[PDB]
């Protein structure tokens, strides 16, 4: 009855919110595993000491000695059973395959979450999937593995484990879809709401003078760096459009993106009769994270506040400006092309976001980086057809090298 969790990326935004839930409901949740990359070992050490995982994976093996030290400090305050450390590229896979856990919280960023996510599902474990990049890149493989071309989340296949959404928009849609019978599925239209990010209503030339600083101040949501930057480019919504296609089995024509700055409506579905079902809330990821862990039950928490529309003011809905923010067009083009185009788009974007965060390239060059890569992938072969997992790996790599080699125009 307890749910044993393995949290990947425990030190990030999603990971910490997950453990906040585990801490408030210790009778329900037990932590068997934590994984982190090593950039914040002080927090990993305090997480290990608090939750006493049996297994810990460390993405950077160079910092085993520092982790051991910080654990040794915590042991002097209070003794706890030392975990077995897992390392290397095979470490994440072994952790995901441990028996003795029910749910894998996949909150690693990027393509490095794909495989652990895959082997947990195959190992019969449910996956609360935050890592959108997995489904963007390896959508077909998830669809084949879960043996569905429709709704991948849930068990509405009415052995593999269940896949449940953590992202705010996919959670809203998934909650709104609860109770929609098969006769009304797929929905007519999927409405994904985007805050529009901090540069809403700015010209493309106003975006030349934009600092990393300004890009990292998000109006409605407090999150990681990559996702916050992607909301400023609107490549975050672009990625969610492709994720939705594979997750809900909807054509790209059925998928609409509305700029809703107040971020009150988290996303919606339109049904055959013209009824729209929308899920509303405050911008806190503990609701969706918790729903992925409790589905179909909903936990009542001290932070479980709820939105007051009278107080909130007024709700605005607008079309995105596809000229200024070309990343959204790039996602739609990539999705319609199919094959490994989604993968190349994601990798090119990951690289451009990192280069933008290391001050090597500027903001406007993120879109031009992604455009450059995909122009070339079009010129190279287009056989697509079947999408092998290794085919995704090869394109991801190729795209990363091309994204790094891109030199901004002079």
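Positions refer to the first chain, counted from 1.
- The deposited sequence places 10 or more unmodelled residues between residue 158 and residue 159.
- Mean CA temperature factor is higher for 198-206 when stretches 135-143 and 198-206 are set side by side in the entry.
- Per-stretch averaging of Cα B factors for 66-74 and 369-377 places 369-377 on top.
- Per the deposited coordinates, the residue with the largest Cα temperature factor out of 314, 304, 183, 178 is 314.
- Residue-level inspection of the entry shows that, of 294, 324, 267, 253, 324 has the top Cα B-factor.
- Residue 57 sits in the lowest third of its chain by CA B factor, as recorded in the PDB entry.
- Among all modelled residues in its chain, residue 246 ranks in the lowest third by Cα B-factor.
- The deposited CA B-factor of residue 153 belongs to the middle third of values across its chain.
- In the deposited entry, the Cα temperature factor of residue 273 sits in the bottom third of values across the chain's modelled residues.
- For residue 348, the recorded CA B-factor ranks within the middle third of the chain. Only modelled residues enter the ranking.
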